[PDB]
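A short write-up of the structure that comes next.
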Amino acid sequence: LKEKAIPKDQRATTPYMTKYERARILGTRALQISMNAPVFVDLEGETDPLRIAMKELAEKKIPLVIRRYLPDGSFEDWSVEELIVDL
Amino acid sequence: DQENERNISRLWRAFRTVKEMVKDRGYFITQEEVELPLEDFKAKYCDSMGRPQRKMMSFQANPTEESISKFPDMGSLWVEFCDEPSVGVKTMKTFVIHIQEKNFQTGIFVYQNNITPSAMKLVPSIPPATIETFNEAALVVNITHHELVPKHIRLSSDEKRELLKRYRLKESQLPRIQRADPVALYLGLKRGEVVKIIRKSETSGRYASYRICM
């Protein structure tokens, strides 16, 4: 099935990013950055992959998307770009 | 005076709970019908000197205009009290056929001490109509009135369908209620029927849980 993917219109999870989604985005991006992936932000003299990832997140220039699974197995995909980062 | 006076009080207390329960099920019972005083009770159902005549007590009740819009098939109920402490098949069959003839949906038998297993055979014998056996002694206090007992609300086929839809649920996933649970018995819950329980919360003000029958 692909009744699994919940559409952009009519989506209901928090429009905010979870503490976990942040920890995993920062980690994932720092891991990718750390193993020589192209960086989408201008490192203004930055060198720690986490600090670079944080800059990436701060400028919403992280090209990842969170696939939020529901208990039935369905999902809502949310872009790092669109999620509110209060935290 | 002696103990006949207490036995009458007890019966009257139990009769109120039957009326309360029947109203609560979605039947047409006035508040006056429930709030019937003890002196008015003796007036209606006490014989030649003052002994309770349970044979008379037996009554029919009809679904309220609201109950038919939510549950259209929910038909008229019959409630029967027996003057004999033990209920035999010779007095049980009389009741069973009354439900069959008057095309009744449900029938509640309020028994004093016991209903013989020979008489008990007759309970599922006349479907689709369902029969309920209730011990007089249990009904003296309306348990639903207790501090700790929250409000349980029977959900319609449509109401339940919507519940499962809106939470993407399989019936198995829903928190359960035993078919023999005191409140389940009170509301005359059948298997599969879902009950919406509304309790007060110290966290939110009000919280609603749901329990599926078994």
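The listed protein sequences derive, respectively, from chains F and E. What the first sequence shows, in the authors' numbering, is residues 69 to 155, in sequence order. What the second sequence shows, in the authors' numbering, is residues 2 to 215, in sequence order. Just so you know, even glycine gets a beta-carbon here, dropped at the ideal spot from N, CA and C.
Quick check on DSSP: helix, strand or coil for residue i?
i	result
residue 104(F)	coil
residue 27(E)	coil
residue 124(E)	coil
residue 141(E)	helix
residue 20(E)	helix
residue 10(E)	helix
residue 147(E)	coil
residue 80(F)	coil
residue 111(F)	coil
residue 210(E)	strand
residue 39(E)	helix
residue 111(E)	strand
residue 157(E)	coil
residue 74(F)	coil
residue 61(E)	strand
residue 95(E)	helix
residue 96(F)	helix
residue 100(E)	helix
residue 142(F)	coil
residue 117(F)	helix
residue 195(E)	strand
residue 73(E)	coil
Given a cut-off of 8 Å on the beta-carbon distance, is the pair residue i and residue j in contact?
i	j	result
residue 131(E)	residue 116(E)	no
residue 215(E)	residue 174(E)	no
residue 109(E)	residue 127(E)	no
residue 199(E)	residue 185(E)	no
residue 138(F)	residue 192(E)	no
residue 157(E)	residue 71(E)	yes
residue 183(E)	residue 144(E)	yes
residue 20(E)	residue 30(E)	yes
residue 148(F)	residue 120(F)	no
residue 85(F)	residue 132(F)	no
residue 88(E)	residue 120(E)	yes
residue 81(E)	residue 96(E)	yes
residue 47(E)	residue 53(E)	yes
residue 197(E)	residue 187(E)	no
residue 11(E)	residue 141(E)	yes
residue 113(E)	residue 137(E)	yes
Taking buried to mean at least 16 other C-beta atoms within 10 Å of its own C-beta, is residue i buried or exposed?
i	result
residue 146(E)	exposed
residue 195(E)	buried
residue 57(E)	exposed
residue 51(E)	exposed
residue 99(F)	exposed
residue 70(F)	exposed
residue 107(E)	buried
residue 152(E)	exposed
residue 141(F)	exposed
residue 93(F)	buried
residue 155(E)	buried
residue 17(E)	buried
residue 176(E)	exposed
residue 111(E)	buried
residue 134(F)	buried
residue 87(F)	exposed
residue 102(E)	exposed
residue 118(E)	exposed
residue 125(F)	buried
residue 15(E)	buried
residue 206(E)	exposed
residue 89(F)	buried
residue 129(E)	exposed
Any chance the stretch 73-82 of chain F sits against the stretch 104-111 of chain F, with 3 or more Cβ pairs inside 8 Å?
The stretch 73-82 of chain F vs the stretch 104-111 of chain F: no contact.
Please confirm if the stretch 58-77 of chain E is in contact with the stretch 20-30 of chain E, defined as three or more CB-CB distances below 8 Å between the two stretches.
These segments touch.
Give me the subset of the stretch 162-176 of chain E whose CB atoms are less than 7 Å from a CB atom of chain F, sorted by chain position.
Within the stretch 162-176 of chain E, the residues whose Cβ lies closer than 7 Å to some Cβ of chain F are 169, listed in chain order.
With three or more C-beta pairs closer than 8 Å as the rule, is the stretch 114-121 of chain F touching the stretch 89-99 of chain F?
Flag = yes, the stretch 89-99 of chain F and the stretch 114-121 of chain F touch.
Residues of the stretch 130-142 of chain F with a CB closer than 8 Å to any CB of chain E: list them in chain order, please.
Sequence-ordered contacts of the stretch 130-142 of chain F with chain E read 138, 139, 140 and 142 [C-beta pairs closer than 8 Å].
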